[PDB]
Amino acid sequence: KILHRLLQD
Amino acid sequence: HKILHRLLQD
Amino acid sequence: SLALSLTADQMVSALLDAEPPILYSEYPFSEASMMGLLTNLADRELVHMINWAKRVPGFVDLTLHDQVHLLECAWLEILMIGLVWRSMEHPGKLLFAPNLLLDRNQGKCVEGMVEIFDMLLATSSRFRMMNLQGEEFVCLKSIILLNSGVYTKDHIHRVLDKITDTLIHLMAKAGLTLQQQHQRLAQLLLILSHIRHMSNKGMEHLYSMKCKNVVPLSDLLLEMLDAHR
Amino acid sequence: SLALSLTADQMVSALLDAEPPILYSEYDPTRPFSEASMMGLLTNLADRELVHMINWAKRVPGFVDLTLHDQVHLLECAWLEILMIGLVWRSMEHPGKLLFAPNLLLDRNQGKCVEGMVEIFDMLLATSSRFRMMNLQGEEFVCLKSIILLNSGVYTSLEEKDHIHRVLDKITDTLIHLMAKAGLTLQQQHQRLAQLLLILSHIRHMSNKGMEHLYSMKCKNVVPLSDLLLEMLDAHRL
């Protein structure tokens, strides 16, 4: 999940 | 042709 | 235009008096029979909605073609906000007609209807926790009629400002503080964004039921649906 | 929670400070246009804007207080709305044209190069003209954009929707504070506030239509859409 990854940064 | 036309004039 | 010279109380009375009646459905459920009951109900409600629209102050002042456009863009929104209003005192259920009250399990009888069902239930629960008054509801329903099709106009915007005045006039009448008035005004109008979203999802669903040729759609209901394609 | 303790001016200051940059497209005015290439330019731009929008969302007051799955959901539901209100905002001083990028200014005849676009194009132009007639302010714009992020997915054990509604109320207080600061009477404030939030209903409508158009372009498999754009698009098909 790309959005989850970028949000998690 | 539009039934909605008729109901708005009745 | 006669609508702009109305007072706030005259505006409330005019909208309350124009409220269409609550209709009944035909006296377990498949997907084709449940869809038929709802499209039959929606077809008969549209006849009363058009006569309700004529009695919304300022709507007669528009040309015939502008009236057609405003109703074509907003008819499903108006049906939906009517459904969530009369479903308020039935938490977790949708009161389509007094003899047609459905829960989430009934939504799964037809595909692609689970999501729209839960959205309608959520909007109804939101109205319930906000203690939406009937005077506020009739203002919101008129706003949908005049706003949803306004871009797609100066007189309409003056009437829209008039209804905003009426909404504020109702809240200050109920004792709400100045800050509570504009906060409640914002909350109510933000619901209209989601009613728009539900209507667009519902319009795609009706189109697939037309294409699946599963249930008989009336010519009027088909022309309203056709106006969105 | 620091978001519920911010004054109106502090709310405006944080939102203005969090604004994302205006990006450029890869448009070459000597390369001839193909409907697939114009789509590629616009979807490339939207993909690069999405990275900035994610980090702009982190800087919206109250957004961090939500769970990671709630943040994912709100952005999935609202990303095209936020792109659209940003488009019509920077297009305000360009009547009859849409400023997708400072080097990509399209008018009506170039939207019909791609099918089904004309209606979305016209609604974007009408929203921009409406903002221009209202003399929408940047402080009002940043308030409206934050409302879309918090409100567009607040419906679709954990009563954290309650906290979102508290932040939304604070932004409504901020909008009213601005309008009073601009000399508007009390009646003018409620009216302008209503006028602004009614626009959001049409931005939702435009996003719903724009999502259907984007999905059709994916199925026609003619324009390269980034993996992030697929997952954001996949979040509305599901």
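Reminder, nothing fancy here: chain letters follow the sequence lines and each chain counts from 1. Every heavy atom of this structure was used, including side-chain atoms; hydrogens, water molecules and symmetry mates were not.
The side-chain contact (heavy atoms from CB on, under 4.5 Å) test with C/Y151 singles out one residue from D/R130, D/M206, D/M123, and that residue is D/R130.
With a 4.5 angstrom heavy-atom cutoff, C/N147 touches chain D via backbone and side-chain atoms both. Proximity to chain C is limited to the backbone of D/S152, based on heavy atoms less than 4.5 angstrom apart. Only the side chain of D/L193 comes within contact range of chain C, with heavy atoms under 4.5 Å apart. Heavy atoms closer than 4.5 Å to chain D are found in the side chain of C/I143, but not in its backbone. Only the side chain of D/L186 comes within contact range of chain C, judged by heavy atoms closer than 4.5 Å.
The candidate from C/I195, C/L190, C/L192 with the greatest count of non-hydrogen atom pairs under 4.5 Å with chain D is C/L190.
Remark: the C/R196 side chain and the D/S201 side chain contain an N/O donor-acceptor pair separated by less than 3.5 Å. For the residue pair C/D161 / D/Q187, no side-chain donor-acceptor distance below 3.5 Å is found, with atom types taken as modelled.
Counting only heavy atoms from C-beta outward, the side chains of D/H165 and C/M129 never approach each other to under 4.5 Å.
Nearest heavy atoms, D/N208 versus C/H197: ND2-ND1, 3.1 Å.
Note: D/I176 CD1 to C/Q183 CD = 9.5 Å, rounded to the nearest 0.5 Å. Once rounded to the nearest 0.5 Å, the distance linking CD of C/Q181 with NE2 of D/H190 reads 5.5 Å. Distance CG/C/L189 to CG/D/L196: 11.0 Å, rounded to 0.5 Å.
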Pair C/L160, D/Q195 - check side-chain contact (heavy atoms from CB on, under 4.5 Å), show working.
CA-CA 8 Å; C/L160 281 175; D/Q195 293 166 357; over 6 Å; no
For the pair D/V154 and C/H194, evaluate side-chain contact (heavy atoms from CB on, under 4.5 Å) and give the outcome as yes or no after the intermediate values.
CA-CA 9 Å; D/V154 72; C/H194 298 276; 4.0 Å; yes
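Within a 6.0 Å radius of NZ in D/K97, no more than 12 heavy atoms belonging to other residues, nucleotides or ligands are found.
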